[PDB]
Amino acid sequence: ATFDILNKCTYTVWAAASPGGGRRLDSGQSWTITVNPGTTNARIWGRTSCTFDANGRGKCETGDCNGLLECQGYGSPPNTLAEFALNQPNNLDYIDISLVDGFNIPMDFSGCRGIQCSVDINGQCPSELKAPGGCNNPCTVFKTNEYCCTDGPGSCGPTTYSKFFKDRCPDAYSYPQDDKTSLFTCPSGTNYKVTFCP
């Protein structure tokens, strides 16, 4: 599948992908990548307030991936995520926006349907969850089963903190087991667009 990733934010977003790497996107810029069928565990995000040297090493305020421009692994929360797994059984791609590793930049993820989390989550973030440049999920910050769902299927459910996210972005995962209303599929062969600040 192809992914067009577009920055419509008024500020530079250093886009990142696992797998795929990373690119500086100033306002209005785009980066198109191919992710092969069968890839699972994949994600596209944006990073704010980065600084990189001529070799691409440095540090981002949000979403930092081991201090590289061209990521080779996941970023540090808080980071809004476009998650996907391609060509799964019955020729299905499974897509979602997740807030389980936090929020940093508003996002639209579109394929056979549009998913969008665009409200001002940073401006409204509870003080328990605030981070520089974003809003953490309570699971990242408070490590208990109530928010992290480690104790098995059905052992957790929505909390006051996850409802903060879900009330604002009903279609994105707000806690780890938030699948019924956050996990979507498209037919394999669909191509995708991820847009920052839609």
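For this coordinate set, the PDB header names X-ray crystallography as the determination method and states a resolution of 1.65 Å.

Student: Could you give an account of the overall build of the chain, with specific residues and numbers?
Tutor: Scanning the chain for helices and strands turns up four helices and 15 strands. For a compact globule of 198 residues, the expected C-alpha radius of gyration is about 16 Å, and the chain comes in at 16 Å, within 12% of that figure. Oriented by its inertia axes, the alpha-carbon framework of the chain measures out at about 45 × 40 × 25 Å. Long-range contacts, defined here as pairs at least 24 residues apart, represent 59% of the contacts in the chain between residues at least 6 apart. Carbon and sulfur atoms form 46% of the exposed surface of the chain, whose accessible area is close to 8900 Å². Put simply, the chain has 15 plus and 19 minus side-chain charges, and the middle of one group is 3 Å from the middle of the other.

Student: Let's hear about the pairing of strand β5 (residues 42-47): which residues, and what values?
Tutor: A regular strand places its side chains on the two faces of the sheet in alternate fashion. The element β5 is extensively covered by neighbouring structure, given that six of its six residues are classed as buried. Every second residue of β5 is oriented toward a common face, with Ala-42, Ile-44 and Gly-46 on one face and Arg-43, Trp-45 and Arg-47 on the other, all of them buried. Alignment of strand β2 (residues 13-18) against β5, held across five bridges, turns out to be antiparallel. For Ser-18, the partnering residue across the bridge sits in β5 and is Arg-43.

Student: Summarise unusual backbone geometry; cite the residues concerned and give the values.
Tutor: Along the chain, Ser-18 connects to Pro-19 via a cis peptide bond; the corresponding omega equals 0 degrees. Inspection of the secondary structure puts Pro-19 in the loop between β2 and β3 (21-25). Notably, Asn-66 is not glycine yet its phi reads approximately 50 degrees, a positive angle. Along the chain, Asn-66 turns up in the loop between β7 (58-60) and β8 (81-88). The exposure class of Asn-66 is exposed, given its relative accessible area of 61%. For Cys-149, which is not a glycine, the phi torsion comes out positive at approximately 60 degrees.

Student: So what's going on with the sheet that holds strand β14 (residues 184-187)? Which residues, and what values?
Tutor: Picture the strands of a sheet paired through backbone hydrogen bonds; they go either parallel or antiparallel. Strand order across the open sheet formed by six strands is β3-β2-β5-β8-β9-β14, with antiparallel pairing between neighbours. With one partner strand each, in any of the chains shown, β3 and β14 form the two edges of the open sheet. Along the sheet, successive strands turn relative to each other by an average axial angle of 20 degrees, direction set aside. Judged from the four bridges that link them, strand β9 (residues 92-98) and β14 form a sheet pairing that is antiparallel. Across the sheet, residue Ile-95 finds its bridge partner in β14, namely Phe-184.

Student: Got a sec to walk through the packing of aromatic side chains? Specific residues and values, please.
Tutor: According to the stated counting rule, one finds eight aromatic pairs in the structure shown. Geometrically, the ring pair formed by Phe-3 and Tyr-192 is stacked, given 5.1 Å between the ring centres and 15 degrees between the ring planes. On the criterion of sequence distance, the pair formed by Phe-3 in strand β1 (residues 2-7) and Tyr-192 in strand β15 (residues 192-196) is long-range, its members being 189 residues apart. Take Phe-3: its relative accessible area is 0%, and that puts it in the buried class. Each residue in the set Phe-3, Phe-84, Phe-109 and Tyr-192 is aromatic and connected to the rest through ring pairs, giving one cluster.

Student: Tell me about the sheet that holds strand β10 (residues 107-110), and name the residues and values.
Tutor: Ordered by their spatial adjacency, five strands build an open sheet running β4-β1-β15-β10-β11, and the pairing between neighbours is mixed. Two strands close off the open sheet at either side, each with one partner strand: β4 (30-34) and β11 (114-117). On average, adjacent strands in this sheet sit at an angle of 10 degrees to one another, irrespective of strand direction.

Parameters and conventions
Residues numbered from 1 in each chain as written, not as in the entry; some residues may be left out. Heavy atoms only, no water. Helix = DSSP H or I, 4+ residues; strand = E, 2+ residues; numbered from the N terminus. Rg over C-alpha atoms; globule rule 2.2 N^0.38 Å. Contact = heavy atoms within 4.5 Å. Areas by Shrake-Rupley, 256 points an atom, 1.4 Å probe, with all protein chains shown as cover. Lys, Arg positive; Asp, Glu negative; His and termini not counted. Charge placed at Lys NZ, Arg CZ, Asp CG, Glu CD. Buried < 20%, exposed > 50% of the residue type's maximum accessible area, 1.4 Å probe, protein only. Pairing = 2+ DSSP bridges. Axes fitted to C-alpha atoms, helices over the stretch in contact; angles between N-to-C directions. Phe/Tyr/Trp six-rings, centres within 6.5 Å; stacked < 30°, edge-to-face > 60°.

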